[PDB]
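For this one, two forms of the same chain are given in structure tokens, first as structure 1 and then as structure 2.
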Structure 1
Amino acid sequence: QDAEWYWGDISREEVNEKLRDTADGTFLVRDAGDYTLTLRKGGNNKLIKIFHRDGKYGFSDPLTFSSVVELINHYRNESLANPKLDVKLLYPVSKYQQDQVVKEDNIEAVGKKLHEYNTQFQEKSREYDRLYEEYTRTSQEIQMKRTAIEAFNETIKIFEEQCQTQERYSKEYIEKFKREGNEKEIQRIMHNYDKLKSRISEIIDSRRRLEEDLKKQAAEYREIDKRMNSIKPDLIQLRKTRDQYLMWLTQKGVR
């Protein structure tokens, strides 16, 4: 009656995680009397029910099978081709493979290791949540500095247009004041151009300093992204191990 492909009372959430990113042919049986098969076909978890009536099993009437084990072994060798789906039962997910995660035999040693994995998972989750906050604020600050660089470009363009404007007017009047003999006025137009040119140098230096900070923050963002992509596989594996130790204490207990 019991088999590696038969899992028993399993929720729909766990069924989807076993068949996640699997080839066509993977399947599992679970209690709904009746039992529900879940075969993979075109990246979808197709649910095929097995009816029971007077000691007979099958997907649809007529019921030409004596037991559930006979129905599974028949379609494992022969292809389905009842519905018009050209696929067959090939890769059965096993229960004994999950048991190798929890290597301890006594109940006390399982609980001792669970306390260690749960403490490690809390520390790794706290590290991942703080690194995600660093990743988010760095991304926002880079976007803020990128917008500021664009604003500095338009700011410089206006002050450069002001220099070009002064150059256009000054060339007509410089001859007028020189021929008149007003050197005091000529020095004022020249001083105002030097004042405007000095401010242009200060705005260009401000943009150059923020370009260096943006380059530095982009390198920091790349290192935070590298650390985020390295901690995720370790965090999900450490969480899956913890879940197996919790399921071991549930099955080895009063129910």
Structure 2
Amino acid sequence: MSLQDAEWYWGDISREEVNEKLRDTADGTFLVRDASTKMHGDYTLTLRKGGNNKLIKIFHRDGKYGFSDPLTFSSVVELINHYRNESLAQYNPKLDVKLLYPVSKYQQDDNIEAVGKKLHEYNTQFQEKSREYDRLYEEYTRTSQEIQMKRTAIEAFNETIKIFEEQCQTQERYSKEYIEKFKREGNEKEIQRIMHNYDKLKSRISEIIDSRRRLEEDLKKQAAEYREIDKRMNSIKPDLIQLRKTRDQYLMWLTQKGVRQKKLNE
């Protein structure tokens, strides 16, 4: 019945911590803190409506509470219970939502040295899988860099080949009529000089498309490693947050008795 025992009262936790406890949650979810001022008597209600976290000042004036100058509540507990049944439209029609969901202050289900040991290993699991992801992220960007530079090199090959191909079409245009003349003139040498060079042009161009292919193949296989590195990162990201959540609750569960054991453990 007392405020100190209420599930939705979290004491002096930070505005930044209720933001984390309400993100992506449903309308009506609510908490109550000691105002960030940390002055006796004042409290702040935070409820979620329309995807935002609205802040409400719980005023205190002579042993009674309320959101406005008519403070008609002897306790903060009865104030929260009244609006857990009635809509906040009574105070402000813009809100029109009642306190539907409290964020209970205990959820998750041996000697203090045992949980201090269980904390030491859960943290090592988190810290070593954090190095796992940090290694993939640098290989992810190291691979990303090498890919987009191989893409521009291929486009460079595409432009050189386009230039070398129009060269073959200009050779075949301006050489046709001169070759047709050298042949009826009986001049086989000059026709052989023209084809000697043409064959050299037709040879280098093929050496270039080969280099482009060998790079195209080298890129396609690295672009797949890129996707696989992304797969396993997306598989580690959720496990990493899970192992981080047990770490912090074990740390706070132990901070109540073992402030010095954490000082030496880590």
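Numbers given to residues start at 1 and step along the sequence of structure 1. Only residues modelled in both forms are compared. Whichever C-alpha set is largest while still superposing within 1.5 Å between the two forms counts as the rigid core.
Fit the rigid core and compare the CA positions between structures 1 and 2: of 136, 73, 182, 155, just 182 moves by 2 angstroms or more. Comparing between structures 1 and 2 on a rigid core frame, one finds that residue 192 has its C-alpha moved by 0.7 Å. Core superposition gives residue 172 a CA displacement of 2.3 Å between structures 1 and 2. The rigid-core fit between structures 1 and 2 yields the following 3+ residue runs with every Cα displaced by 2 Å or more: 82 to 84, 175 to 185, 251 to 255.
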